[PDB]
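Chemist: Quick one: the structure is below, and I'll ask about it shortly.
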Amino acid sequence: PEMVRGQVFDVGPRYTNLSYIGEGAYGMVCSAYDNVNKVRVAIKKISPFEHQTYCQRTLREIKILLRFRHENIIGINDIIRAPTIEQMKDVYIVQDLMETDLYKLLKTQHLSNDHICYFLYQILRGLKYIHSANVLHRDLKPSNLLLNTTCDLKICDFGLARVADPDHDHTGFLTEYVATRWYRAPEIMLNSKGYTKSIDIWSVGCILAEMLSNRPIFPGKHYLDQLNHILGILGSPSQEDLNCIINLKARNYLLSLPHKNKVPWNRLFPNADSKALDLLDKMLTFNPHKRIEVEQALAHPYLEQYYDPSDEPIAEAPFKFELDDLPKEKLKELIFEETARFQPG
Ligand SMILES: COCCN1Cc2ccc(-c3nc(NC4CCOCC4)ncc3Cl)cc2C1=O
């Protein structure tokens, strides 16, 4: 076992010469040389077994990604874990290594309008597949959009991904939320658990805006500041949209705010393609029921040079619907079972 930044990476001898990439609350990613396929790969060490929530998220991530196969989505190529539940302290997911991500690219590179268009196309093409499986990504952001030197784009990090559940989307005002703050749709702060597909379209909207200027459109500094930033650009919600917010705490907060008029997109993005801003507007709609869906976004005139629904595949086996109540110890068993197919035996 090699250390990487203090963590044992128990993946050798097949995977050697490890370099730290990044991490999260319960895992670390490294590049590693695969001594079999003779390529570098990405390896995520996941260490979730001391927390039910991280176990839930580990099982979803693995189960979702094992069902998916698509050019614009990062798959799982191998899973390393111990041969018995007793000896299993971590799980390692092996994935295609990509050169960079959109976060790093936007900090260093101006994107031509043709690159923005192609990137957005690829995002939406992968998202069409995800949504067609009845899955939500729920943490779409530039650092989760990987790229290689030929500008192929793949969506990664399904750690917050969930099967859609729109009948249980309602919650109260200021309900805590885990996904990355700057890409949260307004309704998260108002009345939404983020259990419908419209949550991901908002994030893609934010990504498109950020591609146009190299800067996050809504960099909220804290939870309610995120909504402040959204309403500064979109302006005050209409009576009709405000009437869809039935929770009094949320509604009366909105009614307490000074009036704001809509900032026209062509004012924030003077050099942008007019069709790009027309799609941007439709993705960054305040009311989630009125917000554009993934297949309509693909059909938008901005993407006319790429749109080809016959070459925009859907999932063969969508998710049909309960791991919420299960303890740490039973989810470990389910993770062990879910990963059994990759064992030598
Ligand atoms: C612990 O997990 C948290 C959630 N995260 C974080 C993360 C980071 C990185 C990759 C990844 N990164 C690369 N290439 C790098 C891109 C940036 O620039 C250097 C190379 N290639 C394949 C993958 Cl899977 C995946 C994830 C992921 O799932």
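Don't overthink the numbers, they just go from 1 along the chain as shown.
Header lists the method as X-ray crystallography, 1.9 Å.
A Cβ is built for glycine as well, from the same backbone N, Cα and C atoms used for every other residue.
Relevant sequence annotations retrieved from Swiss-Prot are reproduced here:
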type: DOMAIN; residues: 15-303; note: domain 'Protein kinase'
type: MOD_RES; residues: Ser19; note: phosphoserine
type: BINDING; residues: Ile21, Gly22, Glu23, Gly24, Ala25, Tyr26, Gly27, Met28, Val29, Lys44; note: ATP binding site
type: ACT_SITE; residues: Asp139; note: active site, proton acceptor
type: MOD_RES; residues: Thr175; note: phosphothreonine
type: MOD_RES; residues: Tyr177; note: phosphotyrosine
type: MOD_RES; residues: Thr180; note: phosphothreonine
type: MOD_RES; residues: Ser236; note: phosphoserine
type: MOD_RES; residues: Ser238; note: phosphoserine
type: DNA_BIND; residues: 249-267; note: DNA-binding region
type: MOD_RES; residues: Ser274; note: phosphoserine
type: MOTIF; residues: 308-312; note: motif 'Cytoplasmic retention motif'
Chemist: Ligand 1 is in the model; which of the recorded positions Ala25, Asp139, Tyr177, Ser236, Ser238, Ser274 have a C-beta less than 6 angstroms from one of its atoms?
Modeler: none
Chemist: Please report the Cα separation of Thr175 (phosphothreonine) and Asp139 (active site, proton acceptor) in Å, rounded to an integer.
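Modeler: Per the Cα atoms, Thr175 (phosphothreonine) and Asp139 (active site, proton acceptor) stand 17 Å apart.
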Chemist: Could you break down the residues of the DNA-binding region (249-267) into DSSP helix, strand and coil, giving a count for each?
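Modeler: Going through the DNA-binding region (249-267) residue by residue, I get 11 helix, 0 strand, 8 coil.
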Chemist: If I take the Cα of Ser274 (phosphoserine) as reference, which of the recorded positions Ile21, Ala25, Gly27, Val29, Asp139 has the closest Cα?
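Modeler: With Cα distances computed to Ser274 (phosphoserine), the winner among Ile21, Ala25, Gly27, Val29, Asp139 is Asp139.
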Chemist: May I ask you to report the DSSP-based helix, strand or coil state of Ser19 (phosphoserine)?
Modeler: strand
Chemist: Run through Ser19, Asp139, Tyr177, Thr180, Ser236 for me and report the recorded positions whose CA is within 10 Å of the CA of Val29 (ATP binding site), in sequence order.
Modeler: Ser19
Chemist: Would you please pick out, from the binding-site residues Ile21, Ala25, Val29, the one with the fewest other Cβ atoms within 10 Å of its Cβ?
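Modeler: Taking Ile21, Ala25, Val29 as the binding-site residues, the minimal 10 Å Cβ count falls on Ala25.
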